[PDB]
Amino acid sequence: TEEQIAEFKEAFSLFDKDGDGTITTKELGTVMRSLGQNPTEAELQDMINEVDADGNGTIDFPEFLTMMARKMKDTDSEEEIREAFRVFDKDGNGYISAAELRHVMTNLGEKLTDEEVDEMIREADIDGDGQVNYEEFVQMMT
Amino acid sequence: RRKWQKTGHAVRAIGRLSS
Ligand SMILES: [Ca+2]
Ligand SMILES: [Ca+2]
Ligand SMILES: [Ca+2]
Ligand SMILES: [Ca+2]
């Protein structure tokens, strides 16, 4: 329903710098660059033109949504989790903090109040150590 | 939910096209 529509739009708007509805290689690279390591154009195009359903070379909203909302080909759903985890965990120890959280959300472009940060980590963290491990993450991101 | 999930639908989409 609409709740997923909103949640994929917020996700899209996380990418989409200039709000026409098409995420370009420019914008995509700007994202990557913001996170840390920075590919070139060609390499952001390989990413784009895989999904691309028209053949225009920017990823559009029903192309974003059909990639994320449906299932995959192989077993790669296991690897999305992993890589989501390795984007969050900057150290690579197995445990996400409040600060790593803040870092990625900085990088994507949320300007959080520290309430929202707390509200977020306390909803992730099951036990009560205040760090998100893999099993707490799987429970979150299905 | 919603601030994790936006990021999560986001970040997976990085992971999968990359890896
Ligand atoms: Ca755009
Ligand atoms: Ca397209
Ligand atoms: Ca860590
Ligand atoms: Ca924990």
# chains A, B, ... in the order shown; residues from 1 in each chain; ligands from 1
call {"tool": "closest_atom_pairs", "arguments": {"of": "chain A", "to": "chain B", "cutoff": "7 Å", "atoms": "only C-alpha atoms", "output": "CSV"}}
result
residue,atom,partner,partner_atom,distance
A:7,CA,B:6,CA,5.9
A:8,CA,B:6,CA,6.7
A:10,CA,B:6,CA,5.6
A:11,CA,B:6,CA,4.2
A:47,CA,B:17,CA,5.4
A:68,CA,B:9,CA,6.7
A:80,CA,B:12,CA,4.9
A:81,CA,B:12,CA,6.9
A:83,CA,B:15,CA,5.3
A:84,CA,B:11,CA,5.7
call {"tool": "residues_near_ligand", "arguments": {"ligand": "ligand 3", "cutoff": "9 Å", "atoms": "only C-alpha atoms and all ligand atoms", "output": "JSON, numbers by chain"}}
result
{"A": [88, 89, 90, 91, 92, 93, 94, 95, 96, 97, 99, 100, 131]}
call {"tool": "write_last_selection", "arguments": {"atoms": "C-alpha atoms", "output": "JSON list (two decimals), in the first residue's frame"}}
result
[["chain", "number", "residue", "atom", "x", "y", "z"],
["A", 88, "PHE", "CA", 27.07, 1.14, 8.81],
["A", 89, "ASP", "CA", 29.97, -0.47, 10.67],
["A", 90, "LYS", "CA", 32.96, 1.71, 9.88],
["A", 91, "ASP", "CA", 35.40, -0.30, 11.87],
["A", 92, "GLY", "CA", 34.28, -3.75, 10.81],
["A", 93, "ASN", "CA", 34.10, -5.28, 14.22],
["A", 94, "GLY", "CA", 30.55, -6.48, 14.06],
["A", 95, "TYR", "CA", 28.80, -3.76, 16.05],
["A", 96, "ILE", "CA", 27.15, -0.55, 15.05],
["A", 97, "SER", "CA", 27.25, 2.44, 17.42],
["A", 99, "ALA", "CA", 28.11, 7.54, 16.06],
["A", 100, "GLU", "CA", 28.40, 5.28, 13.00],
["A", 131, "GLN", "CA", 25.11, -1.56, 19.73]]
call {"tool": "residues_near_ligand", "arguments": {"ligand": "ligand 2", "cutoff": "7 Å", "atoms": "only C-alpha atoms and all ligand atoms", "output": "VMD selection string"}}
result
chain A and resid 52 to 60 63
call {"tool": "residues_near_ligand", "arguments": {"ligand": "ligand 4", "cutoff": "9 Å", "atoms": "only C-alpha atoms and all ligand atoms", "output": "list in words"}}
result
residues 95, 96, 122, 124, 125, 126, 127, 128, 129, 130, 131, 132, 133, 135 and 136 of chain A
call {"tool": "residues_near_ligand", "arguments": {"ligand": "ligand 1", "cutoff": "7 Å", "atoms": "only C-alpha atoms and all ligand atoms", "output": "PyMOL selection string"}}
result
chain A and resi 16-24+27
call {"tool": "residues_around", "arguments": {"residues": "residue 111 (chain A)", "least_positions_apart": "6", "cutoff": "12 Å", "atoms": "only C-alpha atoms", "output": "list in words"}}
result
residues 101, 102, 103, 104, 105 and 117 of chain A; 3 of chain B
call {"tool": "write_last_selection", "arguments": {"atoms": "N, CA and C atoms", "output": "short mmCIF file (atom, residue, chain, number, x, y, z; two decimals), in the first residue's frame"}}
result
data_model
loop_
_atom_site.label_atom_id
_atom_site.label_comp_id
_atom_site.auth_asym_id
_atom_site.auth_seq_id
_atom_site.Cartn_x
_atom_site.Cartn_y
_atom_site.Cartn_z
N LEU A 101 25.97 5.32 12.97
CA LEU A 101 24.66 5.80 12.68
C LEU A 101 24.60 7.22 12.25
N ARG A 102 25.14 8.08 13.15
CA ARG A 102 25.19 9.46 12.80
C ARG A 102 25.95 9.81 11.57
N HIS A 103 27.11 9.15 11.39
CA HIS A 103 27.96 9.26 10.24
C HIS A 103 27.29 8.93 8.96
N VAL A 104 26.71 7.74 8.72
CA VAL A 104 25.95 7.39 7.57
C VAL A 104 24.78 8.29 7.34
N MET A 105 23.95 8.57 8.35
CA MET A 105 22.93 9.55 8.13
C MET A 105 23.33 10.94 7.79
N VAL A 117 17.97 10.05 16.91
CA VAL A 117 19.10 9.17 16.91
C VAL A 117 18.91 8.11 17.94
N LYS B 3 13.07 6.31 9.40
CA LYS B 3 14.39 6.74 9.06
C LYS B 3 15.37 5.63 8.89
#
